[PDB]
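Report on one structure; see the data block that follows.
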RNA sequence: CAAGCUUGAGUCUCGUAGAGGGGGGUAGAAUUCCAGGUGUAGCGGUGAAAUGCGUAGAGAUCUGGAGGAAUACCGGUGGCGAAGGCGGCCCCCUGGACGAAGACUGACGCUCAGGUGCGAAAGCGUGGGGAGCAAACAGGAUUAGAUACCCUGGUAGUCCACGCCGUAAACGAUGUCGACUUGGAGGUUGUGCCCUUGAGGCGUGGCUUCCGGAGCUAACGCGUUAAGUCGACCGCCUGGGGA
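Protein chains in written order, with PDB author numbering: chain S, 10 to 75; chain B, 1 to 104; chain V, 2 to 130; chain H, 2 to 89; chain X, 264 to 348; chain G, 3 to 175; chain R, 2 to 71.
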């Protein structure tokens, strides 16, 4: 039950923070493709986006850090 | 030549200097017959974690179709400039002129 | 790479026989066609049918008697690695005469018996039983 | 890889029809140009072994093509090797 | 995408729901109704006996029941419902 | 001949996948297993509990016809998913009927909110609705005679996840 | 697993919640994993072995299930 | 030998996914050390202990700094690579694979003794680096002994540059290339049509995991990715030890 297949997105955006936030943990970790049911191709992209965000301090690497 | 996408983060005390910097950056791009497809001052923004001890910073997005030499130059400028904390020049396939989801 | 077409054809035929396939298709060649014809004459296959202009496909129609296959055995003898040529006296008898040996002679490709009758030997293509 | 425009140019020059592209000579030329390009790269990056494998393969292919040309038609081959400046 | 962005509707602590159970996995019961989600009601609550219960004996297969959320993680999509309420 | 081919596309034309076409005739009853035959590869092992209505006892003898459901084929041996869900589609159709005249009228009787909306039950089934839907205003059916008779006026439905909160009393509104 | 006790929330409940959060995180498990160095080979082996086991559980057992026990 | 042909082989067009390679940047977590604050008697370790570190203020805790190495989550009998192998993020240079249609070349192919290259880990050379880990070494245990297993430390080495080494259960213990022979359940990555009426429906390609038929096999098992049915080329074996 993938979101990105239905939406039909060409590429996942690191700037689209809200969207990312659904796929990240309360502890900051990226959520598995088993749980979200994201398609494999998209999942990788999502992960990449998240990583990018983390570099730009848009998303946090973890809950504890400060 | 090659469609880059740049996002740089300025120190929040230098927020009034930002426009000038942006202008300068644009100018350089223009110089080598480089187009600038979108440009979005995101403004002051709360950081997810405190980079270099400070909690807010001033984000500027900028999409550019420029030659790589100029990009390199820009990068160099960023690295030496102490106002800009982070940068992230990042290649892209197309021009991507439509606005960002956080501006909208 | 494809090195021996006749051999390949033979193999295909064998597989068809094994797997109870009605007809077996392959890319056509003159020699192959001749072989097929010979087989038909000797009664190991029902009919063969070449079809196409640019790249024609030989289609053999395999034979089955009382459930089991007709072509009990079918081996190449001459092969690109090591050619076999027999003189009319040295020509073999496959299954003590019950099977046939396809032999290419100066007067076209024929069964071993036919060759013997003619009074000429040649390159031994395959045994069929 | 070789840039599209460059490739096109190469094709036009060596190819008789210019739409042909697959002419032996044209192919050789294409290979040769690529090899030339990669020389610069490999001077810089001596440990890039994986990449060099591809280059080697290309070279081999070119050689094969040349050989083929030679047996078929000698004059053409000679011309080609004059044009490209291939020692053999 | 669709259930998981605005997963704050049945959230707040204890919103009771009517949900059909699907398959009871000997640790669970898997009641899940509210538009493409997954709930568990695993074995610990289910009743007012803890461990000897075996959920196939105690409720049903395919039946709409009393269940409420008790917990949502909108991230690792595990809404952990209950039935001892 | 092509009699059979035509008969196949005919039989394709005269069945569909969901529980839509009321076709399975109940051809053996035994407690606790009903069984039909809706023109499928095998007979359903039906529970008895998809077929007793609102007080516990059975309603349909031999020959009777309810559609079941489909789109799931062969778990080893057998055929269906249950006909009771079938019923859900009918309920959905009645709920949808509201849209036409902007008012679906039956009976809705809602005593209390498990999760903030009185529960409404229509015929055999009982549904849960968000808290507002039970009452038109702030009237509250707690002072009304218990499990009272009105209808349901719809307040809110969630359209994907099935929660429907309906409007007890206040006929005038 | 950062948590804040809600207004008029019991202690025990809070503790339980915290525990749950921890479990979700898989923090303890992670710690256990990083106690000692696992050779890459060993890591690989475990992963593949585990996978194999899972597969066995899924399919063979399902096949068994088809046939009744008594 | 001479002319052809396009099915093999290759070239061109547009896309596609990728821990493929080389180079240069950077990010965050954690360990270690240094400086300082708070604070007070234990810490650490084990099966149990002890060596060890601690009132010269450790351990714990907070602030600031240094430096190195590796990249949690994603992450998968997932992906890429000839094999060895390859995993944060960004850029530059770069090799291959696959698909979609066309267009072209016209057997240009397959295999390969010698030959040439690439080739984990350890190891060697010269110059750097050195946090953690740790052969050697030392002490403490255990023990009949313990030149081990366990504990506390700990140097080569691991890291980088450029050379050499040329081996591993370098394994699928299965040479490469091509053809042919019943099925099922997946994964991954394209792509054509179809009302995408929805996460779908019907195909068609590539790579891939498991089960199983015929057949094969000493059996175990292999089974369209063969260990089946065949062809081409190469490599290799001839009782155990000695070796």
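The C-beta atom is built at its ideal place from N, Cα and C for all residues, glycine as well.
Between residue i and chain G, is any beta-carbon pair separated by less than 9 Å?
i	result
residue 380 of chain X	What is shown of chain X runs 264 to 348, which leaves residue 380 of chain X out entirely.
residue 277 of chain X	yes
residue 344 of chain X	no
residue 288 of chain X	no
residue 281 of chain X	yes
residue 296 of chain X	yes
Compare the C-beta of residue i against all C-beta atoms of chain S and say whether one is closer than 9 Å.
i	result
residue 26 of chain R	yes
residue 267 of chain X	yes
residue 379 of chain X	The structure shown does not extend to residue 379 of chain X, since chain X is modelled only from 264 through 348, so no value can be given for it.
residue 6 of chain R	no
residue 14 of chain R	no
residue 25 of chain B	no
residue 6 of chain B	no
residue 299 of chain X	yes
residue 86 of chain B	yes
Is any beta-carbon of chain X found at less than 9 Å from that of residue i?
i	result
residue 94 of chain G	no
residue 104 of chain G	no
residue 43 of chain G	no
residue 71 of chain S	no
residue 21 of chain R	yes
Return the Cβ separation of residue i and residue j in integer angstroms, given the expectation that the two are a contact with Cβ distance under 8 Å.
i	j	result
residue 53 of chain B	residue 47 of chain B	Not really, about 11 Å apart at Cβ, beyond 8 Å.
residue 300 of chain X	residue 309 of chain X	Going by Cβ atoms, the distance from residue 300 of chain X to residue 309 of chain X rounds to 19 Å, so no, they are not a contact pair.
residue 43 of chain V	residue 101 of chain V	5 Å
Taking only three categories from DSSP, how would you classify residue i?
i	result
residue 23 of chain R	helix
residue 43 of chain G	coil
residue 274 of chain X	coil
residue 81 of chain B	coil
residue 11 of chain R	coil
residue 63 of chain B	strand
residue 7 of chain V	helix
residue 13 of chain H	helix
residue 293 of chain X	coil
residue 12 of chain B	helix
residue 84 of chain G	coil
residue 267 of chain X	coil
residue 101 of chain B	coil
residue 37 of chain B	strand
residue 58 of chain B	strand
residue 56 of chain S	helix
residue 318 of chain X	helix
residue 330 of chain X	coil
Give a yes or no on whether the minimum CB-CB distance between residue i and chain B is below 9 Å.
i	result
residue 24 of chain S	yes
residue 36 of chain S	no
residue 32 of chain S	no
residue 3 of chain S	Past the boundaries of the shown model lies residue 3 of chain S; chain S is included only from 10 to 75, so the question cannot be answered.
residue 15 of chain S	no
So, for residue i: in the same chain, excluding its five sequence neighbours on each side, which residues have a beta-carbon less than 7 Å away from its beta-carbon?
i	result
residue 62 of chain S	23, 26, 29 and 68
residue 6 of chain V	30 and 33
residue 107 of chain B	No statement about residue 107 of chain B is possible, as the shown extent of chain B runs from 1 to 104 and does not include it.
Leaving out five residues on either side along the sequence, give the residues of the same chain with a beta carbon under 6 Å from the beta carbon of residue i.
i	result
residue 22 of chain H	12
residue 13 of chain S	51
Excluding the 5 residues flanking residue i on each side, which residues of the same chain have their C-beta closer than 8 Å to its C-beta?
i	result
residue 20 of chain R	none
Inset, instruction - Flag this pair as touching only if the region 39-46 of chain S and the region 3-16 of chain G have three or more C-beta atom pairs under 8 Å; answer yes or no. - result: They do not touch, by the three-pair rule.
Legend entry - Inter-stretch contact at 8 Å, needing at least 3 Cβ pairs: the region 326-338 of chain X / the region 8-26 of chain G: Judged by Cβ distances under 8 Å, the region 326-338 of chain X makes no contact with the region 8-26 of chain G, as fewer than three pairs qualify.
Legend entry - the region 126-143 of chain G / the region 157-166 of chain G touching (three or more Cβ pairs under 8 Å): The region 157-166 of chain G and the region 126-143 of chain G touch, with three or more beta-carbon pairs separated by less than 8 Å.
Legend entry - Segment contact, 8 Å Cβ cut-off, at least three pairs: the region 70-84 of chain G with the region 95-114 of chain G: Output reads no: the region 95-114 of chain G does not touch the region 70-84 of chain G.
Inset, instruction - Would you be able to state if there are at least three C-beta pairs under 8 Å between the region 9-20 of chain H and the region 59-68 of chain H? - result: No: fewer than three Cβ pairs fall under 8 Å.
Legend entry - Sufficient close CB pairs (3 or more, under 8 Å) joining the region 59-73 of chain V to the region 8-25 of chain V: Result yes; three or more Cβ-Cβ pairs closer than 8 Å.
Inset, instruction - Could you tell me whether the region 33-47 of chain V touches the region 99-115 of chain V, where touching means 3 or more Cβ pairs closer than 8 Å? - result: Between the region 33-47 of chain V and the region 99-115 of chain V there are three or more C-beta pairs closer than 8 Å, enough to call the two in contact.
Inset, instruction - Examine the Cβ distances between the region 266-286 of chain X and the region 108-119 of chain G and report whether three or more of them are shorter than 8 Å. - result: Yes, the region 266-286 of chain X touches the region 108-119 of chain G.
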